[PDB]
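The form deposited without the DNA is given below as one chain in structure tokens.
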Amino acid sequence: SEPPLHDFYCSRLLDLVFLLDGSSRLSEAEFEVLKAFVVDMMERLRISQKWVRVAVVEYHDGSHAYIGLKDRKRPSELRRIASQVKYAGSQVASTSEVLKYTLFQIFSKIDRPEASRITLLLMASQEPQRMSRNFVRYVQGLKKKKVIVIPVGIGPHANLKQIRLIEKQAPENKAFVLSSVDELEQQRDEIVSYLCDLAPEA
């Protein structure tokens, strides 16, 4: 066991998925700030197979999974892995494809019905419409598996209408719309309190 790094320490039943926009709408330095936000959030969670489980995926035209929910590693090592996520700078970061991945790979089987399941979709870009044909189907699929989708729009190129589409599919799908990556550290305490509140204590 590893002791808490902060007074805020979420010890609840939660599967938390971090989906990181891999597009070039974020510079390499801005992506660094996004990764620091993910690490900051992880430091405030009790990461363990019996408490908070985390997954970290960078999405472009396709997914690169760095951490899976079932990965039995020390929190310190998971935070190190997240801090070493490589910059992609891709042209396309498809929200449809990464939500498909979340629905059909991460939550293909619900191992923990007693836990809340939350997807933090950190978006900085807009995928081409030719990739969005099944976007609503995937968001609806996640709703049916009781997966809460929380879009975090970052910067002026975030897909605002997909964010609004996500909010409409289920009332749990609250959105956070930010000016830039610099705002992540300022809203972090609010976001993690909100996510913790969504999870049960027992």
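One rule holds for the numbers: they count along the sequence shown, beginning at 1.
The same protein also has a form solved in complex with the DNA, omitted here; what follows describes it.
Contact annotation: the DNA lies within 4.5 Å of heavy atoms from the stretch 130-138 in the entry with it bound, the single such stretch among 36-44, 130-138, 170-178, 64-72. The closest heavy atom approach of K50 to the DNA in the entry with it bound falls outside 4.5 Å. In the entry with it bound, the DNA lies farther than 4.5 Å from every heavy atom of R112.
In the entry with it bound, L103 approaches the DNA with a heavy atom inside 4.5 Å.
Contact between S108 and the DNA in the entry with it bound is found at the 4.5 Å heavy atom cutoff. If you check the DNA in the entry with it bound, you find no heavy atom from any of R12, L184 and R188 within 4.5 Å. The partner is not shown here, but in the entry with it bound the stretch 160-184 reaches within 4.5 angstroms of the DNA through a heavy atom at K161, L165, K168.
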